[PDB]
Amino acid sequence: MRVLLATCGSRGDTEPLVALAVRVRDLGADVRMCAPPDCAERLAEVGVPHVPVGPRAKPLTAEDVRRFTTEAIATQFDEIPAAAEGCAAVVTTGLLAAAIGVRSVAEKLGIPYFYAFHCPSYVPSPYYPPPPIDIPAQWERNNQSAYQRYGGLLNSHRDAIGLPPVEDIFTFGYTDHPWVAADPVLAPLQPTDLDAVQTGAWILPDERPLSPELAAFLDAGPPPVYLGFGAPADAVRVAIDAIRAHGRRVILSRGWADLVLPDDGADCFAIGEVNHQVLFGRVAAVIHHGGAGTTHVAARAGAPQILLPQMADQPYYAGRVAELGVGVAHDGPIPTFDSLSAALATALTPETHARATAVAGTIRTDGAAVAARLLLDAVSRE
């Protein structure tokens, strides 16, 4: 029995599916993953068969957006059929435009399709509004909006392969039994009329040791603050100013090695490839945008967090960090010296550290295995 894992390419979508792939294989099943050519390296690391699929100087226009949409859907119909050859099921996450194409191909082949969310707030429900009679209407409104953008294209493609038209994009793309690949403590699934199942995040343990240089920097002083931002150089410089004002050194995520600094930058260490699972257990706090993955890794590592949400599910995770008392939900998406200094004052307290440490022990790490089991049992019901 072989399972197909389909992904658009983002590391945020790719890694969780890689985790599921490995856990499904751990159970004796075969796996194959369709992803951008650039995922070849990572997939080679875990020995997961890779089917390369899918992928400026001028502003974007509505015409451009419509083209990315049209081609996102077409790519699924054009390449998933071959990738799904010899497969008993297909699992995907992410972009709705792509997901509806993947499910349509699964439907044509007569194999079960599964969808997973990385944030529970995106799961349709009549009990809470969608990411910003009434509530239901709100979700239907967005669902109608999705149809206006994808419906015509989807059904045109479906006509070509003899499948009936879809009228409800959300139910079709997400299914009425979506999985929520997020931790039940960090991101609790809320009431809904859908048969959603919360498995825990899909993350594999990272065994890579820290580089000798990074380790040496860490041992050369008190635990530093990790700054992980893309972002404007001035925003990073302000963040560094605030961290320094709290007497802490800085670890800069990959990409800032050449950032120009005001005062001597000897207290700033810029890293390349790194084991975040381990690094996060050695810092005083982590400052980032609030993506599902980073928030989960930092939470399990017990690191106090400061989130500056920008898009998608980031505002959700920023809110959860504040509610759990393991960090601060920074107001704006860009920091100022005063706003970040205020956040650090709260995040660096012994109380916040104790809380982050306690919560960390309750974050589960077997979510991918949980999903793998549910998947195989479902496939066995076919």
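Position 1 is the first residue in the sequence shown; the rest follow in order.
Counting the deposited residues that fall between residue 229 and residue 230 and carry no coordinates gives a value of 1 to 3.
Unmodelled stretch separating residue 55 from residue 56: 4 to 9 residues (count of deposited-sequence residues without coordinates).
Mean CA B-factor, 91 to 99 versus 249 to 257: the higher value falls on 249 to 257. With 122 to 130 and 292 to 300 compared on mean CA B-factor from the PDB entry, the stretch scoring higher is 122 to 130. Of the residues listed, 191, 152, 112, 221, the entry assigns the biggest Cα temperature factor to 191. Between the residues 265, 173, 212, 200, it is 265 that shows the highest Cα B-factor in the PDB record. Ranked against the other modelled residues of its chain, the C-alpha B-factor of residue 310 as given in the entry falls in the middle third. In this PDB entry, the Cα temperature factor of residue 117 sits in the bottom third of its chain's modelled residues, the lowest group. The deposited CA B-factor of residue 327 belongs to the middle third of values across its chain. Sorting the modelled residues of the chain by their CA temperature factor places residue 183 in the lowest third. The entry lists a Cα temperature factor for residue 208 that places it in the highest third of the chain's modelled residues.
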